[PDB]
Amino acid sequence: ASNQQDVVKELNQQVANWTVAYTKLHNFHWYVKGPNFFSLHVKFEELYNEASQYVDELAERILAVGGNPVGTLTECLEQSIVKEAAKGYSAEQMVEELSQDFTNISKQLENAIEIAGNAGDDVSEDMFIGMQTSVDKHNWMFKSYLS
Amino acid sequence: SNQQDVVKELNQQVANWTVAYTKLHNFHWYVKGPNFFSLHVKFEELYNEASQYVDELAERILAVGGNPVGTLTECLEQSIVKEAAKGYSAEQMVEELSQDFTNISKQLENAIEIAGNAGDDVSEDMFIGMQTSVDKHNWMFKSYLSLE
Amino acid sequence: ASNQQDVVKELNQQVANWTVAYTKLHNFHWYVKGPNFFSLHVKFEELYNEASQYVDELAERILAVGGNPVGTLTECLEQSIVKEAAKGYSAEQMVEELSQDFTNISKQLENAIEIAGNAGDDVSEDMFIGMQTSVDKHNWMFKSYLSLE
Amino acid sequence: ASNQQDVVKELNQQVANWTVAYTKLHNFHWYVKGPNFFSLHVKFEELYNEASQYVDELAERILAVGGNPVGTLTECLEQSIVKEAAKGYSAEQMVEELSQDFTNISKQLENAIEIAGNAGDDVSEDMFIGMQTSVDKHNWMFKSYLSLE
Amino acid sequence: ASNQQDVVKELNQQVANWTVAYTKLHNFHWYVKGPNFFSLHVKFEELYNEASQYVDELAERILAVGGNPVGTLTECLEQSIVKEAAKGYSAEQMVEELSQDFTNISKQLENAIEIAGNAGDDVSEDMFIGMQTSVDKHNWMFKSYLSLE
Amino acid sequence: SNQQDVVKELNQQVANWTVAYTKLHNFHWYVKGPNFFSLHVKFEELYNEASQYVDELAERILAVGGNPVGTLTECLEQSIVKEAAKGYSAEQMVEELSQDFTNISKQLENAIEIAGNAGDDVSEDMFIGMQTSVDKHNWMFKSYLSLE
Amino acid sequence: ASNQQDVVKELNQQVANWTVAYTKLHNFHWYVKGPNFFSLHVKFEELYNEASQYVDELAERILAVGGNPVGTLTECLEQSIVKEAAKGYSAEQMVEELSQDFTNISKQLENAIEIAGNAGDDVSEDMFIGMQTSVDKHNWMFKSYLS
Amino acid sequence: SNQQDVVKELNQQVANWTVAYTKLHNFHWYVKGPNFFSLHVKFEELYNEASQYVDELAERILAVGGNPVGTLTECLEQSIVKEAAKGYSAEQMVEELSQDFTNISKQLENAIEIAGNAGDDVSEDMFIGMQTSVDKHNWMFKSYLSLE
Amino acid sequence: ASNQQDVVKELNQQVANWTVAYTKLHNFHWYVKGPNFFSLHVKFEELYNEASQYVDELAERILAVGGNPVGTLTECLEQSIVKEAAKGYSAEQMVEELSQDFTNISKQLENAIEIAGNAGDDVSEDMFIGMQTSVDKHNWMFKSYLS
Amino acid sequence: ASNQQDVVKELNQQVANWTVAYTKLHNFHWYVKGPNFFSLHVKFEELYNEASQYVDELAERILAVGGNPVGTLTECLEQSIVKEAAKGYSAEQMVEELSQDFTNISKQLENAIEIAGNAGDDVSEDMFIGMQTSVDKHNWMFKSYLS
Amino acid sequence: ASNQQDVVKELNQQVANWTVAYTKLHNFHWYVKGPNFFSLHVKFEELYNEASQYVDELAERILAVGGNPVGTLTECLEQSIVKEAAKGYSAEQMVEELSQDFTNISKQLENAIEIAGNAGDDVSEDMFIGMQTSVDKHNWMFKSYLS
Amino acid sequence: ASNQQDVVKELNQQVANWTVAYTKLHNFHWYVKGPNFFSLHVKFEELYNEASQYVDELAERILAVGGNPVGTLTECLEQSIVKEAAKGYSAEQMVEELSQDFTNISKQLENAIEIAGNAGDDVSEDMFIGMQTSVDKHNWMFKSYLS
């Protein structure tokens with residue numbers, strides 16, 4: 001079975017993931033090179049803007065259920081399954097890594113949705129579903145770019 | 001649970017928010033103190049949100065062939081939200097809204113279960129959307145009330 | 001010689017009328033049926049949105065003159081000359097009733113305007129005038145919609 | 001135990017339904033006649049604009065789960081439960097048919113929602129819910145427009 | 001072989017028609033009655049706003065070719081093929097008359113277009129085309145509204 | 001004064017502004033001189049304002065059960081505003097508009113008194129609103145005309 | 001009885017009042033301190049923006065009736081019943097003073113409305129009524145803040 | 001040429017663009033490669049433009065007393081635009097759209113002549129407007145396809 | 001008779017005219033003096049903004065028919081019938097010259113429209129008609145300003 | 001006597017100048033007459049709105065550096081090099097006076113910029129530069145209007 | 001060791017400071033409590049949005065001068081003089097800490113401005129000035145809030 | 001020979017550069033081809049719109065300091081270090097040339113900034129800084145596009 005604290009853990013996992021992703025997306029936004037610079041430069045910004053929205057939405061949901069949203073970078077770095085950007089990525093490698101991150105995040109969300117549903121936290125469940133919706137959509141786009 | 005059970009839950013909220021709509025106007029008008037400007041506006045944002053819920057849930061009832069409660073007398077009879085009493089401080093207004101939102105969120109948890117079991121996933125989704133906002137506002141109310 | 005208190009009474013009478021009308025308009029907005037559904041469904045919403053504006057305007061004026069705006073539905077139902085919706089109304093019957101309500105309100109406003117002016121409350125007087133302007137305009141539209149042929 | 005493939009089938013069923021409906025709504029938008037012309041002419045456009053949004057949303061979800069969205073009109077006509085417009089429909093008959101279509105679609109969506117949930121595709125499930133919400137709402141309006149008196 | 005002067009005559013004919021129509025549309029906008037009041041009340045306003053745009057466009061074109069735009073109501077009433085509103089028109093009769101006016105104007109425009117082109121005034125020709133486009137479109141809507149059943 | 005007396009005053013303005021609407025178009029088209037750009041636009045702003053008055057006052061007449069003048073022939077018969085003559089300088093156009101606005105403002109002062117005495121406070125308010133704009137524009141016209 | 005010149009005097013009294021109030025509101029906007037700084041800082045700006053609108057509206061009405069709007073600070077300082085801001089006001093004292101100013105102005109307006117009406121200047125009368133409407137509304141808010 | 005000949009030309013385009021509307025959705029969904037983001041959006045802009053043409057030309061047919069093709073079966077029977085096949089590269093999608101636009105522009109040149117000769121200057125103007133956009137887009141397609 | 005290349009020549013003639021006019025309008029926008037400075041200063045900007053739109057519209061039409069739009073100032077200066085601005089123009093002289101330029105351009109457009117129509121290039125024909133529409137309208141305004 | 005205090009002095013000089021100018025511009029806005037009425041009437045309003053922006057910006061900067069922004073009309077009239085409007089100007093005289101005021105202000109700003117830079121108050125220096133940019137631009141327009 | 005490299009160092013110091021501040025401001029935005037909740041909750045969001053703008057602006061300037069913008073949270077935490085949020089602050093303590101951070105940042109900016117100017121990097125200098133302008137303005141507000 | 005006249009020289013150099021660039025950017029906007037057509041086609045338009053803004057801003061500043069802004073294409077071609085477009089470039093070559101132009105312009109601006117500052121023309125200096133900021137930013141993007 002699952003309880004409210006289990007959902008808070010799932011919520012914080014995402015706050016952590018997207019806080020790290022927010023910076024990695026800035027890194028990619030700044031360092032991307034090649035013929036597709038203009039498209040990707042903007043696409044990465046659209047993505048980190050969406051990431052910041054998710055961070056705030058999930059963090060305030062944690063507050064709404066009486067929990068503590070991870071509020072330090074040190075904590076986010078410890079929990080996040082999204083790793084910081086290495087050095088020297090080509091445009092292709094950046095999209096490939098983001099695609100893997102989104103694949104991993106979507107998988108975590110499938111589990112988070114089940115946990116929330118079983119805990120009776122339908123609000124958090126709905127938030128995870130909305131996030132998975134956009135994550136899966138963007139991932140399809142990444143894979144198409146890479147095809 | 002069946003469709004009529006869900007209609008009962010939908011009307012329960014139409015009633016709650018119709019009463020809350022006027023109570024929020026009351027608080028909007030009578031609020032006093034150094035936080036007057038912030039709360040005067042906050043209460044208006046809340047009653048605008050309340051009117052949206054009333055129309056949304058009422059039209060969902062219509063969409064499933066039911067009759068939305070359309071008189072104040074009926075809303076007063078079904079609402080778990082009380083009308084404003086006489087004389088409140090800003091602190092007391094936010095405390096009461098917190099009580100109301102806590103009560104409504106609890107009622108919604110059950111409504112969600114009933115809608116889901118009846119196969120009314122649309123109404124279920126509407127209740128979830130409402131509970132989302134209700135819980136968010138409640139956190140804000142409790143934060144405002146915290147002793148500094 | 002009317003006084004401020006007399007004006008507050010007139011202001012609350014309208015707060016009550018429009019609070020009741022606000023919900024009656026939702027009722028008509030939801031229950032209207034027939035070939036004119038789309039137009040009326042929308043028109044009734046425009047009307048209750050306008051009703052809410054009146055309720056707030058007049059209530060805050062009462063506050064501006066040191067009075068107490070009626071803050072409960074129970075009190076509104078007691079003072080309102082606008083009665084709650086009954087069951088089984090056709091679109092035509094809904095418009096007919098709103099027209100009668102608007103005719104009644106406009107008449108009350110004529111008296112309220114006189115009272116406010118006599119009391120020297122020119123601000124409340126102006127608010128009643130603004131309301132009567134819209135009420136009469138809408139009533140002409142209702143009567144036109146209801147005209148035979 | 002439904003699987004992803006079963007959900008894609010449900011998603012394409014709707015892509016097909018709404019692609020056909022998109023054109024049927026243009027037909028009604030163009031051929032509607034009578035005293036309610038102005039309201040219906042516009043309402044039908046709002047409906048096909050909404051239909052186009054559904055087609056794209058569901059098609060891109062199918063892509064997001066690795067499937068193939070039906071990309072031809074021929075295929076859509078084959079799967080769609082929504083049939084093309086016939087000749088000589090009055091405004092009332094148009095609304096009656098759309099109501100029947102919406103009733104049929106809502107029923108299909110109830111099943112699609114169950115399939116998606118059982119398969120663990122909560123995103124597609126949510127999309128079907130959103131669609132059913134609007135379909136049911138519009139249907140209530142159609143039925144109200146069609147009500148006698 | 002038409003000349004610029006012939007085109008100015010065609011331009012003023014329309015300035016006159018639409019100036020008269022501008023007021024006739026206000027009349028219909030004010031006097032329309034019946035269950036279609038809300039839709040028609042608005043439609044007639046959209047039409048006179050469009051009429052005002054035509055009057056200014058064509059008048060300033062006449063200026064652009066060195067001519068004199070008819071600048072008085074008396075002159076407009078003299079040239080206009082659009083007659084002023086009579087009393088006691090039902091909504092249906094109003095739409096019927098506007099349809100006849102639009103049919104008459106479209107026919108005049110067909111000739112005006114030919115005259116402009118023959119005179120080498122391709123700008124005025126284009127303006128007449130734009131006007132005929134809208135006139136014909138509106139006329140189809142009027143005729144659809146008027147269709148029986 | 002009674003309601004019909006007020007309707008007469010309302011129609012008087014519907015007539016005035018319907019004629020002024022076309023005269024302003026005339027001035028809008030025929031204005032010439034170094035101030036062409038400013039006046040060409042100013043006259044358009046004025047006729048747009050004129051159309052608003054016509055519709056507002058006409059619908060007030062409808063709201064009191066009267067018949068708004070709906071033909072140009074009738075407007076020409078009741079208007080105290082003359083149609084544009086042939087040949088004006090920019091200075092002459094503004095001078096005539098000033099004359100018209102002065103005349104209308106005077107007519108409105110009486111209309112306001114009539115409406116008030118008849119108990120038609122709504123029409124009175126509409127006349128006041130119009131007089132407000134009319135007087136403001138007239139000051140601007142006179143300023144433009146002042147010798148530098 | 002009252003005449004047009006009497007109304008012009010009433011109009012100029014307000015142009016003067018609000019010209020001085022415009023600056024006092026800036027002073028309060030700049031010097032307000034305390035926990036309510038953010039709300040009051042903005043509220044005072046909204047008020048001086050409204051004040052500037054009144055100054056222009058009433059001044060141009062004076063022009064419309066053939067009068068001369070007070071156009072110098074020296075003149076406004078001589079006529080205004082609104083006094084310039086002292087030094088060291090607390091947030092509470094600022095609202096208290098504005099409330100007194102609005103009370104005084106509303107009282108002047110009641111008289112100005114009567115004067116204008118008796119002079120047959122219904123346009124100016126209407127302008128005074130519109131001003132009194134907002135002045136009374138804001139005063140209610142000030143008193144509520146102070147309650 | 002007569003009015004019915006023009007209606008035939010108008011319906012030919014309603015058919016073409018109704019099929020193109022769905023093919024553009026197809027390309028919008030299936031496009032892949034490093035230019036995915038630019039083309040994904042470009043194709044959407046194109047189908048939105050396509051829907052505008054369909055409604056415009058269909059209502060022109062109505063305006064001349066004709067019957068606009070209102071079923072997919074009829075559009076497929078009259079369209080010179082083929083439905084998307086299975087499997088395209090980004091380059092192949094743009095190449096096919098270029099072929100379609102070249103074909104449509106040629107068809108429009110004739111439609112324009114027919115409309116003009118029939119005295120249907122309104123339909124002629126609509127065809128010209130469409131050809132304007134079609135030719136502009138085609139230049140862009142060819143530019144995208146140029147070997148670097 | 002006329003062919004597609006003849007139309008391209010007409011299109012380039014206008015691209016050239018308006019490219020030169022764009023700069024002359026800036027010159028007038030900057031150097032205009034006198035009591036009407038504010039009106040003309042803005043009017044000239046509105047005109048060069050419209051000029052830039054025409055340049056792009058006609059140039060891309062040339063591309064659409066397979067031609068080469070004049071893309072250098074040297075070429076535009078060689079083809080343009082609009083001459084660069086002299087020195088010391090009064091406001092009146094500026095409007096007078098623009099009026100003459102518009103008269104000349106409208107005359108060229110009448111011929112360009114005939115050429116395009118005879119070549120079967122109805123799209124280009126329509127573009128010339130739209131340009132002549134605005135050119136004639138603006139010229140009427142110039143003449144009225146000068147009357 | 002400190003450098004920063006000298007900068008505050010320069011900031012207050014401008015708060016004073018523009019507070020007085022704010023009212024003088026209303027005066028000109030109301031009393032301007034002649035064939036250029038419509039243009040100047042609006043131009044003067046655009047100028048006082050701009051002036052109000054300066055007063056607030058500079059006043060709050062003074063606050064940002066721990067100083068006291070002049071918050072009374074009495075004080076402003078004492079420090080301002082901009083004098084109140086005299087009686088009955090012609091439109092030409094109004095523009096001539098504003099041009100002289102702008103010339104005087106720009107000269108003061110040149111000094112203020114050097115004082116701010118010398119004191120290391122680069123923020124205030126930047127604000128003075130921004131003001132001088134607009135002042136000089138408007139002055140060029142005034143001179144052009146005056147021929 | 002070059003002057004331009006010293007400027008990049010100054011630019012990265014700020015990218016680091018604001019990246020950390022971005023998250024600390026989210027923390028305060030989420031955890032703030034008390035009667036001033038509504039005002040501070042929004043104020044802190046306005047501040048982190050502003051912070052995100054700085055990070056991108058400065059990061060891309062570093063790129064414009066051929067440098068490497070710090071693109072990892074790990075790096076930012078090392079260089080930032082802004083420390084992560086501690087446990088359970090009162091609203092007053094949150095504002096007090098931000099005020100100290102802003103005071104520290106403004107002091108760093110004063111130096112960065114001189115370094116940039118000395119290196120002839122006037123673009124970076126201007127960016128630092130822009131940042132200092134807002135930082136100082138916000139700090140004045142924080143201090144006013146704290147009395 | 002005066003310092004201010006040297007600044008006018010620097011201002012005109014840029015008015016000339018950007019007037020020529022305005023047309024070269026239209027050329028590239030029209031003739032660009034290849035898979036990056038859509039991105040570059042729009043990017044080049046954004047650049048010429050920006051260029052038009054510079055020409056007007058700098059031209060009117062020259063006017064603000066009593067100078068004569070170059071108002072003829074003939075003059076611009078003579079002073080501009082930006083050369084007109086050659087025949088048939090590849091997309092890559094277009095970006096390479098713009099990058100070199102931007103590098104050359106930025107270098108000129110560095111000098112112009114020092115000249116303006118030395119002459120005490122801080123307004124012109126600020127304008128040059130603003131231009132250099134955008135030029136350098138665009139150049140970083142061009143270089144990134146080129147790998």
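Worth knowing before you read on, the calculation uses all heavy atoms, side chains too, and leaves out hydrogens, waters and symmetry mates. Below, chain A is the first sequence line, B the second, and so on; all start at residue 1.
- Under the 4.5 Å side-chain criterion, counting only non-hydrogen atoms from C-beta, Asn3(I) is in contact with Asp6(I).
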**OP:** Take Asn48(F) and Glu45(F) through the side-chain hydrogen bond (donor to acceptor under 3.5 Å, both in side chains) test and state the conclusion after the steps.
**Re:** CA-CA 5 Å; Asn48(F) 285 328; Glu45(F) 303 178 316; over 6 Å; no

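- Distance alone, capped at 3.5 Å, is enough to place a donor-acceptor pair between the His29(D) side chain and the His41(D) backbone.
- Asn11(H) places a side-chain N or O within 3.5 Å of a backbone atom of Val69(H) that can act as its donor or acceptor partner.
- Between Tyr21(F) and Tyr22(E), the gap from one ring centroid to the other is short of 6.0 Å.
- Few gaps surround NZ on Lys32(F); more than 12 heavy atoms of other groups in view lie less than 6.0 Å from it.
- Residues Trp18(E) and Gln14(E) have side chains in contact (heavy-atom distance under 4.5 Å, counting atoms from C-beta outward).
- You'll find the side chain of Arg60(H) reaches within 4.5 Å of the side chain of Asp120(H), heavy atoms only.
- Judged by distance alone, the side chain of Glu83(F) and the main-chain N or O of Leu73(E) form a donor-acceptor pair under 3.5 Å.
- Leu97(H) has its side chain within reach of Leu24(H): a pair of non-hydrogen atoms, C-beta onward, lies under 4.5 Å apart.
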Subject >> Test ring-ring contact (aromatic ring centres under 6.0 Å, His included) applied to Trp140(I) and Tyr30(F), step by step >> reply: CA-CA 11 Å; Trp140(I) 150 59; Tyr30(F) 288 104; 9.4 Å; no

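- At least one side-chain heavy atom of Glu49(H) sits under 4.5 Å from a side-chain heavy atom of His137(H).
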Original post:
Yes or no on side-chain hydrogen bond (donor to acceptor under 3.5 Å, both in side chains) for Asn104(I) and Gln108(I), after CA distance, side-chain angles and deciding distance?
Top reply: CA-CA 6 Å; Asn104(I) 296 339; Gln108(I) 287 193 319; over 6 Å; no

Original post:
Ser134(E) and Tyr54(E): side-chain hydrogen bond (donor to acceptor under 3.5 Å, both in side chains), yes or no, with the steps?
Top reply: CA-CA 11 Å; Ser134(E) 178; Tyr54(E) 289 142; 3.2 Å; yes

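- For the atom pair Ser105(H) OG and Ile112(H) CD1, the distance stands at 7.5 Å (nearest 0.5 Å).
- Between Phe38(D) and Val42(E), the closest side-chain pair of non-hydrogen atoms is not below 4.5 Å.
- With values rounded to the nearest 0.5 angstrom, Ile129(I) atom CD1 is found 6.0 Å from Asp126(E) atom CG.
- For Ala84(F), the side chain to side chain contact (heavy atoms under 4.5 Å, CB included) partners at least two apart in sequence or on another chain are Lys23(F), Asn26(F), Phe27(F), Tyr88(F).
- No side-chain heavy atom of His25(F) sits under 4.5 Å from any side-chain heavy atom of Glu44(F).
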**OP:** Could you go through the side-chain hydrogen bond (donor to acceptor under 3.5 Å, both in side chains) check for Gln131(H) and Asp135(H) one step at a time?
**Re:** CA-CA 6 Å; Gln131(H) 190 181 46; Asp135(H) 291 345; 4.6 Å; no

